[PDB]
Amino acid sequence: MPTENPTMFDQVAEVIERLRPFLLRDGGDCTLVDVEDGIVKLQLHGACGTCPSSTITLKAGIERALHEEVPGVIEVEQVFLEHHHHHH
């Protein structure tokens, strides 16, 4: 029982908004919906499409990175709000 110092929310929120500008450029924008002991839930959104083929790849990309940079999770619900692409 240390202290309720800048908890995860602060960090994630902090790093998120920081990387946001970069994510928007390539992927989109992330949004934390709920912080749990493992059953976290966020929402990705780059714009508004219908069948994103790139977001799917990126999705698994971030997830993997998160788990790797944060081993101990059990599940994560990342709901994307669509994000089509110019072409290819």
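Each chain has its residues counted from 1 in the order its sequence is written, and this count may differ from the entry's own numbering; any residue lacking coordinates is left out. The side-chain numbers reported here are obtained from all heavy atoms of the structure, hydrogens and water having been left aside.

Its PDB header names solution NMR as the technique used to obtain the model.

Structural notes on the pairing of strand β3 (residues 75-80)
Definition in use: Between any two strands, at least two bridges found by DSSP are needed for them to pair. Strands here are runs of E lasting at least two residues and helices are runs of H or I lasting at least four, both read from the DSSP assignment and numbered beginning at the N terminus. Every crossover in which the path from the first strand over the helix to the second runs clockwise, viewed with the strands pointing away from the viewer, is termed right-handed.
Relative to β3, strand β2 (residues 39-45) runs parallel, the two sharing 6 bridges. Residue pairing across strands places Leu 44 opposite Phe 80, the latter belonging to β3. Read from β2 through helix α2 (residues 54-69) to β3, the crossover connection turns out right-handed.

Side note on the side chain of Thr 55
The criterion, for reference: Any two residues whose heavy atoms approach within 4.5 Å at even a single point are treated as in contact.
In this structure, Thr 55 sits in helix α2. Contact partners of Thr 55, with chain neighbours within four places excluded, come to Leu 44, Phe 80 and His 83.

Structural notes on the environment of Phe 80
Position of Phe 80 relative to the elements: it lies in strand β3. Spatially, the C-alpha atoms of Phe 80 and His 45 are 5.7 Å apart, while their sequence positions differ by 35 residues. Ignoring sequence-local partners within four residues, the contact set of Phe 80 consists of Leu 44, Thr 55 and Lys 59.

Thoughts on the pattern of salt bridges
Stated formally: One speaks of a salt bridge when a side-chain nitrogen belonging to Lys or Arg is within 4 Å of a carboxyl oxygen belonging to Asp or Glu.
According to the stated counting rule, one finds 2 salt bridges in the structure shown. For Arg 20, the salt bridge identified is with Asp 29, shortest N-O distance 2.9 Å. As a salt-bridge pair, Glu 77 and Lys 41 come within 3.0 Å of each other at their nearest N and O atoms. With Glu 77 in strand β3 and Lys 41 in strand β2, the pair connects residues that are 36 residues apart, well separated along the chain.

Describing the sheet that holds strand β1 (residues 29-34)
Quick reminder of the rule: As a rule, the C-alpha atoms of each element are fitted with a line to give its axis, helices using only the stretch in contact, and angles between N-to-C directions run from 0 to 180 degrees.
Judged by pairing direction, the sheet is mixed, and its 3 strands sit side by side in the order β1-β2-β3 without closing on themselves. A strand with exactly one partner marks an edge of an open sheet, and here the two such strands are β1 and β3. Each adjacent strand pair in this sheet contributes to an overall mean axis angle of 25 degrees, direction not counted. Across the sheet, helix α1 (residues 8-26) lies against β1 and β2, angled at about 155 degrees from β1, the strand it touches most. Sheet strands touched by α2: β2 and β3. Its angle to β3, the strand with the most contacts, is close to 150 degrees.

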